[PDB]
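One-letter residues, chain by chain:
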Amino acid sequence: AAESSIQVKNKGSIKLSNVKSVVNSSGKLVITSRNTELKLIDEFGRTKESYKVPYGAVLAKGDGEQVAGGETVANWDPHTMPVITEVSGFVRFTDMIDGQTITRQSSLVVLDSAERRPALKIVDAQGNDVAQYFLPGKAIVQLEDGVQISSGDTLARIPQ
Amino acid sequence: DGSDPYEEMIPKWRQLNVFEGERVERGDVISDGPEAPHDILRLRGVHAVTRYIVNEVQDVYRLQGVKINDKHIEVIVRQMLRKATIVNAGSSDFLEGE
C-alpha cells in the first residue's frame, strides 16, 4: 500500500495521544515522537479506529476536531521520516567538502561515513549560534547555507 | 540515565530509529523488527508477554474462522512462566533457576 493517505470510515472526532506538538511552517503540527496513538470519538467514549502514525507526520486536521469522515486526517511521506528543525533560520553547514561529500543531482549530499558527520545548530538569522545535526549514511540536505528556513520544515533526507 | 549506563552494541546492519533523546523509557523500541517474547518479559512485564502471545496466537485462529476463549491461552502461558532466576542471596539461594 504505497498510499500514505489514511481513510476514516465514520465521522468520529480524532483523539491523538502520546504525541509531541511542534510548530510547523503552517497551522498544522509535526510529531517528533516515534510512538503515537490515534482514536475516534463520535458520540461516546468507545473508540473505532487506531491506525498508526510514524514520526515526522503532519496532521490534516487538529486534534479533537469532529472529522466528517471519508477524508484524510494526517499525511506523511510513506518512505522517509523527515528530521525536524528546532531552530528557525539559516542552515549552518560545517566542514562541507566538494568532490567527496558532494553528489550533484541546491540538492547536494551532506557526507558519507564510509567515504570519510559534523554536527551544528541552525543559525538564528544568518550565522548566529543557538541543537545537534547528525548526518547518517547517504544523508542529503537540499538547503544551502543562508536559506533562512523556518521551523517545522525539512528537505528530502534520501534514506540509505 | 543519571547512573549505570547501558552500553549496547549494534552491528550497524540495522538502522537506529531514535536519533534524538526524547527521554527513551524502558520498553521503547530502539530499532524496528519482530521482537522476541523473552525481551518483552524482561522489560515490559508479565502482563505484556501475556497480551502479546494471546494476540499473536488468536490472530491465526481468528483468521481461519475459529473461536477459542482467551482463558485457554492464558492458562498455558502461566505454565511457561515458572522457574524464576534469583539475583540475591541470604536464603540458601545464589544465581540459580528455581
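Up top is the structure these notes are about.
Residues numbered from 1 in each chain as written, not as in the entry; some residues may be left out. Chains lettered and ligands numbered in written order. Part of a larger assembly, values for the part shown. Heavy atoms only, no water. Residues with missing side-chain atoms left out of burial classes, pairs and counts.

Asks: Lay out the overall build of chain B with the relevant residues and their values.
Replies: Scanning chain B from terminus to terminus reveals 3 helices and 0 strands. The order of α-helices and β-strands along chain B, N terminus first, is α-α-α. Against the compact-globule benchmark of 13 Å for 98 residues, chain B has a radius of gyration of 18 Å, which places it well outside the compact range. At a minimum sequence separation of 6, the contacts of chain B that also span at least 24 residues come to 16%. (Helix = DSSP H or I, 4+ residues; strand = E, 2+ residues; numbered from the N terminus. Rg over C-alpha atoms; globule rule 2.2 N^0.38 Å. Contact = heavy atoms within 4.5 Å.)

Asks: Mind laying out the packing of helix α2 (residues 46–64) of chain B against helix α3 (residues 71–79) of chain B, listing which residues take part and the relevant values?
Replies: Residue and element names in this part refer to chain B. Axis separation between α2 and α3 bottoms out at 10 Å; the angle between their running directions is 130 degrees. On the basis of their axis angle, the class for α2 and α3 is oblique. In the crossing of α2 with α3, the sense of the turn from one axis to the other is right-handed. Taken together, the residues of α3 that come into contact with α2 (itself represented by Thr-50, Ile-53, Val-54, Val-57 and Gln-58) are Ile-73, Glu-74 and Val-77. Of the residues that constitute the contact of α2 with α3, the class distribution is 5 nonpolar, 2 polar and 1 charged. (Axes fitted to C-alpha atoms, helices over the stretch in contact; angles between N-to-C directions. Parallel < 35°, antiparallel > 145°, perpendicular 65-115°, else oblique. Left-handed = near helix turned anticlockwise from the far one by under 90°. Nonpolar A, V, L, I, M, F, W, Y, C, P; charged D, E, K, R; others polar.)

Asks: Explain the pattern of salt bridges to me, and be specific about the residues and the numbers.
Replies: All names here are of chain B. For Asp-39, the salt bridge goes to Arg-42, with nearest N and O atoms at 2.4 Å. Placement of both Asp-39 and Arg-42 in helix α1 (residues 37–43) is noted, with a separation of 3 residues, approximately one turn of the helix. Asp-59 serves as the salt-bridge partner of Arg-62, at 2.6 Å between the closest nitrogen and oxygen. Placement of the pair is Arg-62 and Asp-59 together in helix α2, with a separation of 3 residues, close to one helical turn. (Salt bridge = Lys/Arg side-chain N within 4 Å of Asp/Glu carboxyl O.)

Asks: Describe the sheet that holds strand β6 (residues 74–75) of chain A, naming the residues involved and giving the relevant values.
Replies: All names here are of chain A. Reading across from one edge, β2-β3-β5-β6 is the order of the 4 strands in this open sheet, with antiparallel pairing throughout. For this open sheet the edge positions go to β2 (22–23) and β6, each flanked by a neighbour on one side alone. Where strand β5 (residues 57–59) lies against β6, 2 bridges are found, and the strand directions are antiparallel. Residue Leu-59 lies in a different strand from β6, and its bridge partner there is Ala-74. (Pairing = 2+ DSSP bridges.)

Asks: Pulling in residues and values, what's your account of unusual backbone geometry?
Replies: For A:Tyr51, which is not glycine, the phi torsion reads 60 degrees and is therefore positive. Residue position: A:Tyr51 is located in the loop between β4 (37–41) and β5. Of note in this structure, B:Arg23 is not a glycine but carries a positive phi near 50 degrees. Residue position: B:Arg23 is located in the segment before α1.

Asks: Describe the side chain of A:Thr36, listing the residues and the values that go with them.
Replies: All names here are of chain A. In this fold, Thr-36 is placed in the loop between β3 (29–31) and β4. One polar contact links the side chain of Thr-36 to the main-chain carbonyl oxygen of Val-53, over a distance of 2.3 Å. Beyond its immediate chain neighbours, meaning those up to four positions away, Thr-36 contacts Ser-17, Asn-18, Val-19, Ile-31, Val-53 and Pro-54. (Polar contact = N/O pair within 3.5 Å; in protein donor to acceptor, adjacent residues only side chain to side chain.)

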